[PDB]
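Following: one structure in structure tokens, then a few remarks.
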Amino acid sequence: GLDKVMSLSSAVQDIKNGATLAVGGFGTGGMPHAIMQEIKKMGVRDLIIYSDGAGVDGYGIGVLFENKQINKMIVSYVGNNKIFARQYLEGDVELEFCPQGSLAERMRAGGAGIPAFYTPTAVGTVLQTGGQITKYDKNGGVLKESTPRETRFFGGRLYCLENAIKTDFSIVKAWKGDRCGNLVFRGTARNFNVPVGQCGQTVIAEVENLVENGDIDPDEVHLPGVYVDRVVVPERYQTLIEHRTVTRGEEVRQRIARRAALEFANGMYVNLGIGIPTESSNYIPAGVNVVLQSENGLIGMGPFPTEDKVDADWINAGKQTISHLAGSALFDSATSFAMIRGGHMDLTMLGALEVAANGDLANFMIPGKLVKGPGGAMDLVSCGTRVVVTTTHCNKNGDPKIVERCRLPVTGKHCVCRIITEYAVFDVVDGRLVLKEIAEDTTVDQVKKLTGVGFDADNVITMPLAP
Amino acid sequence: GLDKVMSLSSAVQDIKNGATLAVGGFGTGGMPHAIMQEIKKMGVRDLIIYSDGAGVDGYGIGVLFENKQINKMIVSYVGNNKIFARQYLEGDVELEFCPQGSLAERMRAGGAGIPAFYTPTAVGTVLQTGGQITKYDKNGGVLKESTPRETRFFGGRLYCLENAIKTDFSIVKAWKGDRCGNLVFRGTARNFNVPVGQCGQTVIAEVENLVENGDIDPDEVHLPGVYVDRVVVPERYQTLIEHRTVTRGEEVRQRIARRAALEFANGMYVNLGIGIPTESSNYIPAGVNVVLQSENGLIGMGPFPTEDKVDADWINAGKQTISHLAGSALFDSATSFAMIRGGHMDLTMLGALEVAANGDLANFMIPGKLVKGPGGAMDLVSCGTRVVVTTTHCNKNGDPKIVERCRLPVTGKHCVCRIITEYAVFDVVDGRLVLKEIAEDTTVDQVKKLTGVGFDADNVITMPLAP
Amino acid sequence: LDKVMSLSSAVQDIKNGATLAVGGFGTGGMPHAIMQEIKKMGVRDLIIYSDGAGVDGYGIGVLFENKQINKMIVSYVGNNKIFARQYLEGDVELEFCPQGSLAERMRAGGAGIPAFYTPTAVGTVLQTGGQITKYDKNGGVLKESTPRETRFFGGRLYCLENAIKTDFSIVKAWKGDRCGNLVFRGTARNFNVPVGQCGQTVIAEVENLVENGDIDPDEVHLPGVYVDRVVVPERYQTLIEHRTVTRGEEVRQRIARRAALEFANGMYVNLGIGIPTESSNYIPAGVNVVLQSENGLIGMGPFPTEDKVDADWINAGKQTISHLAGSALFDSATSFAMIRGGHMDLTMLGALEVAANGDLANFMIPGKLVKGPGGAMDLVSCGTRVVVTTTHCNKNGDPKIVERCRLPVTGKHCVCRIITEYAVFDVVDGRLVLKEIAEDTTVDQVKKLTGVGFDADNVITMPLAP
Amino acid sequence: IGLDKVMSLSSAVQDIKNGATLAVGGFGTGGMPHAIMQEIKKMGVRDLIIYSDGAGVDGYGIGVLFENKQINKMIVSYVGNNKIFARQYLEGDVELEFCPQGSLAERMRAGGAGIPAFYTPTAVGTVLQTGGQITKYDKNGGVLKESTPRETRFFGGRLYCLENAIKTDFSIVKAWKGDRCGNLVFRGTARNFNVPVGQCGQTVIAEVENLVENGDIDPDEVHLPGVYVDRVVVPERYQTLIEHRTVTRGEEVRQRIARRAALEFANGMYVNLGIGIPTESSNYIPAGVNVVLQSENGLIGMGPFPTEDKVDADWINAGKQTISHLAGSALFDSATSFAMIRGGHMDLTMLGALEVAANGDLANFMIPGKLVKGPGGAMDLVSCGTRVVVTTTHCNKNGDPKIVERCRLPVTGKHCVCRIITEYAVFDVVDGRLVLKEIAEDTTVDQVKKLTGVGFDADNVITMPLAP
Ligand SMILES: *SCCNC(=O)CCNC(=O)[C@H](O)C(C)(C)COP(=O)(O)OP(=O)(O)OC[C@H]1O[C@@H](n2cnc3c(N)ncnc32)[C@H](O)[C@@H]1OP(=O)(O)O
Ligand SMILES: CC(C)(COP(=O)(O)OP(=O)(O)OC[C@H]1O[C@@H](n2cnc3c(N)ncnc32)[C@H](O)[C@@H]1OP(=O)(O)O)[C@@H](O)C(=O)NCCC(=O)NCCS
Ligand SMILES: [Ca+2]
Ligand SMILES: [Ca+2]
Ligand SMILES: [Ca+2]
Ligand SMILES: [Ca+2]
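Residue numbers (the entry's author numbering), protein chains in the order written: chain B, 11 to 258, 273 to 491; chain A, 11 to 258, 273 to 491; chain D, 12 to 258, 273 to 491; chain C, 10 to 258, 273 to 491.
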């Protein structure tokens, strides 16, 4: 009926210098790589790009950095993109951060005819207050700072006003597509490709398989054809796998993972951070079913897959190749972060560089030293879900991690419920710390020295660990 | 995995008096009838319900009107429900109107943890200014009124602020579901069941088929299981078809429909309002192939099916059984109105009760006389899309439906680009009418006494008609 | 500091397209000498914010003759035919603003407040938009007013009003020094305080110039820092519009005598022109109530004796007036802060139309009566109890008491009590409840003289003051 | 003679039940209703909440309510020289919630004017917007309660703070004169918050220093119309308490900073001088340069200290020092004063500093734990358009750098400073970093670099001139 097929070169030739783009992809999962190369071939300059990340060294959007085609990047996470981080530090790229769920919802809103919407994410963080270093000069100093966000009260609580994002073009990748533009994605490579296809004026879409109209069930289309302007069928290539993890000294981490595992309960939908939170899922009791949720868009997330099941389309938040359990369900990034922001998870476990007696949490940033970005961290804590920090008690140089107020910039305000460590377990109660447990026959006087705040120690049982 | 399956009675038993429900379904399509029947049996009352429509006489929400179990209703369209329309008019039930796209997004936001957002829909209409009668006394007069909505400028355009809808419960109906909650819908019976399922505190799902965890493909799940708390498998029953339409005197309607069908250009994505705009679908030139969009969750809407193809899950905005073309796509009601509100439709044609030189349209009500509701009309007119109204020139009394200013409540101000009558074609330019085409072949002589206003007229031509 | 200048020298900087703010209520406080100078050097396409547009051959009104005005932003036209004529003919653009909003927005422009919230004008055409701000040259609509934003604070809805900062500000005062301190007399203060704060270059005509040191620091009303240029025009008499002095078929009197029974001891009240003002007279018992005037006075007395008349002491209806002992003056921002803040105990108005809803229409008839909101919108949108004194029916038999307002509304759900010659209704829960009937006139005739149903279950007879 | 609202001191106070929110007039002790606060101490209300600029001073005004622990919470801009007030905060008896002085004034006007909320650029990007200034302690020194955040919103290019209107159960004011139907007149800088305080109260009570008949006050000279006043009190004549009776009868780096800053003045400037080093630069103005000094407590045309006979408690500056006034000076209330400041009508603001940054940030109201006094008028004075010129010593006690990369102390304002003036050097803030302009004596350039705190531009550098 309706045909939108083009060659790779012709579809890309409209993109003028100064063009704003929206690109799907979580790491390399769902990255339109074949189109990013053709953009590089044509030599467009001063590009402004809204994308979850910036691909990686020599892949997807990452490849556009090579001949300095990027003016600005609006992202949530840098990742292992050395060119990007270097060009930002050396004053070649302007880097503006924005939390992952907001970024997805701003794209959706800009496609939905919704100019602005409220969210509790990044409230009280440096992102709302502004001042994060968006651009450097060539020699060392700060050239530009991010502008602040508007705040407003609904109920008792404070929310940020996020503006809609509308781009000149949109680049998406899909597993399948028909001639009239109906895209069908696969695994967690869906992510931003759905809201990315909505926010763009001219959306172009590469497909790993082309099919005729009729060959796709109308009941299975994730991105309907009205959205797509141009479909492209590049030569088939293997998607880059960052961390090819498979199923086949310093383990105070194991002790935290065993206490952390007693936070789980039958019927919980949980999100686990990288490191110790993920470890705690290994120590779950016998018939206690819990569903792990990966923010790139899945529930029913399993351990590393057997060799025979490794797929670039099925990875976790840390870009590690993952499997999935029976009763699984895939969803886009706007839905994924609606699910999170909506408080639909029961337990969110997370590492931390610094955790305050407030309930505050620090990891996101260290100004001009660590510049990874917020990722999905600010969305995971600012929602109403129960948040449990799992971290060591002190830094390796003896300083407390658990403090009164955060010296470091904040991931979220008044969010943390429990703080599990190798020595102790506190609960936050009324913006003030309560010592609930301590480790095997170790003392209350010890932990008191190792943390940088006073706490309630009026009912201290001994810490239990799962087998 | 998890097993959330229960009896019909035990899943409904926690619903107390005064409860708030979100209810899935469009007309009878996706109406959880089996659960509304059970809600009738245990006789709960003072019920506030959020749903697109109120079902039908003796089917769905409809059955809860029989014992006066409903206090308030929040709907977009009354539809064909005499019990409900009567109960509103004689003071028994309360009835607040909500634009359909606002209603789906308000539920989504409530699920998403977004407290508020902006939409241009319903700005300037009584629903922003407040003052639609929401309840009557028993004898005749007014009792309550709609509280106004807040407004706010982005660019130089004014937007309504819509608050999130979080309900005590959520009742949905899906075609297939597994035991850990994941739902898969069929046809245009999806609609509100997605956003409804995200917004309830305790959501409950009737399913036409139960499967084991593993039988649903992760990449076909329309509602992830995390959102679902209870799943019931009622005794199999037929979905009620309102109008069983199939492909197998004095109607001026054709004359206007044949002129309107010349607005259908090639490659256009169009939306057609119920009644007169839908009957220009016959006269699309043989070469031209448009894509019809139905607001209940379909692009690529076909003609009426043959007797063998008739499916209750495939219906239009008018609740008539419908076929689908190759390369068609289904979607939920939140997405459908993100598509419309975002200006992704090329053409939008609607009926009128009154139309004006100001660009206005009044097509949703006449007080205490005919109260159907806005439905999707307030979204379809407020977006960017070119609005073409198709109405007979004068009314059933003889008065002119074209006027200087609208007597009836406004569906949207400044929205109408062209008005197409059997006598003439008008075009609005700078808030003023301009006659472009005239018919077979009553000179301006006749047309000027049939319009309720004076208009510019220089470049006059004849009115052509399609085959 | 010394900012004294010639009349011409101060005005000469005003280019075409300049935005002005101009003080004055009616003619009192209206800088006629400076406006006349703007006429002589003939600036084109001006935008002017002011309480009104002066009068035919006085104040801002003198600038309509050569069509030097593009856009007026006022609360009240008054007795200005040129302005009313030119608006309708399509020469002048006219955006209405409630008087209390216009002053506080000038105050806000001066005070560095970008916007503020106000219950005034909520639900009216001035919030929603749609008022004809400009006609074309044939009586067709050219421009509608842009809407105001809204927002809930607590339970109720408020309009967001934007600051107004102008290129120029023209003020008039009775006294001033060379460094720019100003002192006004009587109700001729009004908008001169807030107008003086919102201009970038603010020029002041003074009736008397004095040295620095001669004005008491404690009796300055507009501080000198707000003043850039001071001018001393040749002495001239302020135009008195209605030179009022104290030297049968009257339904109007009967309404006033019933209305006078609404007054209690210790009440501060605002009464509109006409019948509300005529009730003051029949106040029973030896003195007890304070009359407020929106142009900047509490303790408004009756008309003065023939030799104690004063141009600077005039009321909202432009009439000359006396003041009682313990009376106090204030500017137009303070005046409507006082009103908007519920500090009045009673507000009595007239009406063109009143509804069972609680609605009031008394300000505008589209393309027919070009009068404007004035204070009326601010008075009906605050907490204060709002009584309507009006004729029951129109001359010609149509009911003024109706179910819903056909005409444009001054306030939504604002009226508490309606008083007519036939009847007295109270508005309870958004509907009409009949409480009194005059004479020995039956409930049957009123039922057919008013155009809505109502409760008639505890109807006394209407009392009246002597 | 219409209304009579006169009432005895004892009979006016009795209505104030436990838990009552009061709004009290006065700046420091100027315009403090003392005689009323004593009668409140007598009858003895507990758990009061009080809105005022200050909290008086020890044993004077709101100060006298701290003795019997009668205050639950204070909403103030300045702690002032009030020790009992201060300790109770740190020991954790009273709740202390700061509010910028111009916002507090305008919030009380807003309440009385029926304006539910208004926007203002003051305190945006300060700890007062973001939340987390310590509002109450426990008995040991840990935080119990923190200040909740303010909302923000963009008008034009820049961000503004939403400020909610203040309405109190009672309002307490002090006036030089009042008639029987409530019209008040004020004297000197003792007007200040009394005007906006008298408008925001449900029941407002007003101590006159002189009662007069209706007619006696000129209607044109009324500062607070009688409609606002519900009761009036005529206590025994008492002395308004002068904190610093100032009159005109180390190495001194302070004078070198002042003499440089006086060269920033210019004919026709209206200028505000902050407490400390900025005020002392008025001494060293060149004879031809005519300036008008503005005191934030309600005055333009502030003079030097008066001669011994001319001193009066009602004429005081921001530092509570007794002060004279020149020809063409004009008094005004505090809502008007901060309307004047916030409106950018000042041509030069000068301020002291605890810490100033290369960014353009200033921190001059708080160091958590030790010096907790509140913004005063500072946050308003840096958030207007007006040119900020900071005057400070180059280091502090214990030799640390007062010019820094970024402020570790809680900031008064963001990107506000245009010029820093010190005894060693004068800097400029350009685009977001520092520019060395002048250096005193012929002092070494590579001495000041690591004595300063950060790197800077140093291309076009002359020697620093001082005033005669
Ligand atoms: S997302 C899909 C939602 N889209 C919408 O457009 C929803 C709102 N639209 C409607 O309700 C209908 O589509 C309307 C606009 C009523 C269709 O009008 P038509 O163009 O079909 O014109 P008809 O005259 O056939 O209208 C049907 C009934 O309406 C009565 N009616 C029309 N105009 C008037 C006036 N001016 N005054 C009184 N009644 C009017 C007709 O009598 C007719 O009644 P039936 O009972 O249906 O015969
Ligand atoms: C910040 C402020 C204290 C600067 O002080 P100043 O009066 O100019 O005089 P100095 O610079 O000598 O400093 C005064 C005191 O602060 C101390 N100080 C200076 N820098 C300091 C620092 N980094 N840490 C701690 N203390 C410091 C001084 O040692 C001195 O202490 P002392 O009074 O106990 O002897 C002063 O501007 C202030 O109090 N501001 C309050 C808000 C405001 O601006 N109000 C006026 C509005 S009109
Ligand atoms: Ca497109
Ligand atoms: Ca739940
Ligand atoms: Ca000026
Ligand atoms: Ca009062």
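For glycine and all other residues, C-beta sits at the position ideal for the given N, C-alpha and C.
Residue i - partner residues in DSSP beta bridges
i                 : result
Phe-163 (chain D) : D:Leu-168
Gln-211 (chain A) : Answer is none; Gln-211 (chain A) lacks a bridge partner.
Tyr-87 (chain B)  : Bridge partners of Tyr-87 (chain B): none, in fact.
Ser-318 (chain B) : B:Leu-322
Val-236 (chain B) : Answer by DSSP bridge pairing: none, since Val-236 (chain B) is not bridged.
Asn-173 (chain C) : C:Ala-126
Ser-180 (chain D) : D:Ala-32 and D:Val-213
Closest by C-alpha distance to residue i, when choosing among the options
i                 : options                                       : result
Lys-333 (chain C) : C:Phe-355, C:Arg-258 and C:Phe-163            : C:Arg-258
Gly-399 (chain D) : D:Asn-77, D:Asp-62 and D:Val-434              : D:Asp-62
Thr-302 (chain D) : D:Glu-245, D:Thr-372, D:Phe-355 and D:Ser-360 : D:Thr-372
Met-487 (chain C) : C:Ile-339, C:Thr-157 and C:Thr-445            : C:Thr-445
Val-206 (chain A) : A:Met-41, A:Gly-366, A:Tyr-128 and A:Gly-187  : A:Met-41
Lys-82 (chain D)  : D:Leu-137, D:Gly-53 and D:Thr-144             : D:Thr-144
Any non-hydrogen atom of ligand 2 within 7 Å of residue i CB
i                 : result
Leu-105 (chain C) : no
Check: residue i C-beta below 7 Å from any heavy atom of ligand 4
i                 : result
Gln-317 (chain B) : no
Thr-212 (chain A) : yes
Within 8 Å, strictly: CB atoms of residue i and residue j
i                 : j                 : result
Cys-170 (chain B) : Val-133 (chain B) : yes
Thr-249 (chain C) : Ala-184 (chain C) : no
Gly-324 (chain A) : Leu-349 (chain A) : yes
Within chain B, partners of residue i - CB distance below 9 Å
i                 : result
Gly-134 (chain C) : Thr-139, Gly-140, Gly-141 and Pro-158
Beta-carbon neighbours of residue i, restricted to chain B and to distances below 8 Å
i                 : result
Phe-163 (chain C) : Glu-160
Proximal residues of chain D, C-beta to C-beta of residue i below 8 Å
i                 : result
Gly-151 (chain A) : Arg-456 and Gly-478
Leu-168 (chain A) : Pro-158 and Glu-160
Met-325 (chain C) : Those within 8 Å of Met-325 (chain C) in chain D number zero; the least Cβ separation is about 11 Å.
Heavy atom of ligand 3 within 7 Å of residue i beta-carbon
i                 : result
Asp-225 (chain A) : no
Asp-239 (chain B) : yes
Contact set between residue i and chain B, taken where Cβ atoms lie within less than 7 Å
i                 : result
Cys-190 (chain A) : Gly-351
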